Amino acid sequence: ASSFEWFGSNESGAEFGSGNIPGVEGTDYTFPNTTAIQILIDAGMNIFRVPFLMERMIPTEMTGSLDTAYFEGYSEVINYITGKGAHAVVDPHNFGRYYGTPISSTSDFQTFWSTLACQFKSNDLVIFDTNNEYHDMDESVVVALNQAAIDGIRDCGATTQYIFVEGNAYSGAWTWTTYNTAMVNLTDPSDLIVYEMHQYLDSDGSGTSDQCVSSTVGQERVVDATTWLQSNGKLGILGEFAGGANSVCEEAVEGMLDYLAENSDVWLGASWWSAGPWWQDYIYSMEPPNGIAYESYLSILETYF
C-alpha cells in the first residue's frame, strides 16, 4: 500500500499577483477549485498545501484582524479538504517578508500565528507551515520566527495539529547542512514538528526550468538532508518538488522518491508543485484535466500512495 504517510500537491492561486495588495479576487488571485481537488482525492492524494499571503489575510499589521472575505474564501478550501479527511497545510507563502520587509519581530509574528491558528484549533486535520522559503536573512532570526509561530499556534489551543517548519536559503534539501544546521534547537509541547524542505532538479534548484541536471540529481540532492534527520532524530516532508515533462526529469523524480520511501522512518511524505486553476500551460501543472505534470507524473506519483 502506502510508501509514505502523506502524498499530495500544492494548490496555488490565493498567493498570485503578490504585486497587488490587497488585489481583487478573480483578477489578481483566486482560491483553488474544490471539484479538481476532489479529482485528486478520488486518485489517492491525502494532503494539500494551499498557499496564501500574510498581507491579504491580516492587512496593515500582522497584529491586525483577519480580512473576512479573503479568509472566508480561504477556510472554504481548507474545510472541503479536511471535510473529506485529508490533511490541509496552511502556507503563509511570504518568503520571510511582510510588505517587502524581512519579518524580524517574534512577538508580531506569533500574534500573526495565534490569530490564524485560532480559527483552526479544533480541526485535527490542519497542519501549520510557519512561512514559505525564508531566504537572505540571518539564521538566528529564522530559528526564532519558527519558534514564535509554534508558540502563537499552541498558545491559541491548536495542540492536535502538525507544525511544518522551514529553513533559510528557501528551505532547500540540497543546502540544508550548508545553512539550516541550527533548526535542530526548535521545540514543541505537543512534539508535532516536521522539517518541511523543497527540492527542484534544475541547475540552480529555482524550479523555473523543465530540464533536469541529470537522472540521478534527485537522490543526490536529498542524502545530506536525510542523514541530518536520522542523526538528530527528526521528521521531514519534501513540501515542494517537481520534474519537467521528459524522461530524464521523471527518472530523477522516481530515484529521489525511492530514496525518501527507503527512509520513511524520517520522511513522512511529499507534495508536487503545483495543482491549481490558473496554472494553465505551466511546466509543473498537476491540475486536471490537461495539466502537463497531470498527464506526465500523476501515474508515477500514484505508485507511492
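In this text, residue numbers run from 1 along the sequence as written.
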task: Using only the Cα atoms and their B-factors as the entry lists them, report which of 186-194 and 115-123 averages higher.
output: 186-194
- request: Give the stretch, out of 141-149 and 219-227, with the larger mean C-alpha temperature factor in the deposited entry.
  value: 219-227
statement: When the entry's CA B-factors for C249, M54, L238, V50 are compared, the highest one belongs to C249
query: Which one of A275, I41, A261, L66 shows the biggest C-alpha B-factor in the PDB entry?
result: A261
query: Which third of the chain does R154 land in by C-alpha B-factor: lowest, middle or highest?
result: middle
message: Considering every modelled residue of the chain and its Cα B-factor in the PDB entry, is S209 in the lowest, middle or highest third?
response: lowest
task: Sorting the chain's modelled residues by C-alpha B-factor, tell me whether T101 ends up in the lowest, middle or highest third.
output: middle
query: Of the three thirds of its chain by CA temperature factor, lowest, middle or highest, which one includes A86?
result: middle
message: Using only modelled residues of the chain, where does the Cα B factor of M286 rank: lowest third, middle third or highest third?
response: lowest
